[PDB]
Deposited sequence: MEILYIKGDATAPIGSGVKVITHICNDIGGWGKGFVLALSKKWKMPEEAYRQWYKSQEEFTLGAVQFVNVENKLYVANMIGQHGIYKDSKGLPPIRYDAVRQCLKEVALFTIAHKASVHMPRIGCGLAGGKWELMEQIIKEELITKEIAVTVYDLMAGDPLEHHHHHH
């Protein structure tokens, strides 16, 4: 099961390799919420994301970028958000099929690195809803028996 702790995802607990996963948008925006907490500690994730956005090389929904910010520690930039607005049909920016691909890709990364997953309430804000998101995490990570720890407050 998924462990819910009250704390900070940029200061994950436990030992072993760890991967911090969070949802980025496909617009190139970086200045609100969890992203700032990441920039509070490391300049790399923000820089990697921007450079990936400017090159437009496979920068697309469902894709995942990995950044080694510290010893046995990786940040996972997951593009599971479309824009930040709400299209002309009342569709929240969150893309559940994209987060699924993203996590599906995180799954294999964690197994290959014997890592552990640590995230904040990704999706919530955005349009996301934990009821659905929780199921995704379940089917894509807990199912392959990957450790998952959510950080809220």
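According to the record, no C-alpha positions are given for deposited positions 1, 127, 156-168, numbered from 1.
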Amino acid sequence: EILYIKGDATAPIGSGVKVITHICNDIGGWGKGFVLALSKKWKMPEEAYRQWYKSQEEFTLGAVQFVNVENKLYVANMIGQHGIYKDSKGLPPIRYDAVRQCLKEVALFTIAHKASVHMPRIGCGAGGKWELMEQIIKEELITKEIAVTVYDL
From here on, numbers count along this sequence of modelled residues.
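In this entry, 134-142 has the higher mean Cα B-factor, the comparison being between 18-26 and 134-142.
Between 112-120 and 64-72, it is 112-120 that carries the larger average Cα temperature factor according to the deposited entry. Remark: of 95, 50, 32, 43, 32 shows the highest value [criterion: C-alpha B-factor in the PDB entry]. Annotation for residue 88: CA B-factor lies in the highest third of the chain's modelled residues. In the PDB entry, residue 36 places in the middle third of its chain by CA B-factor.
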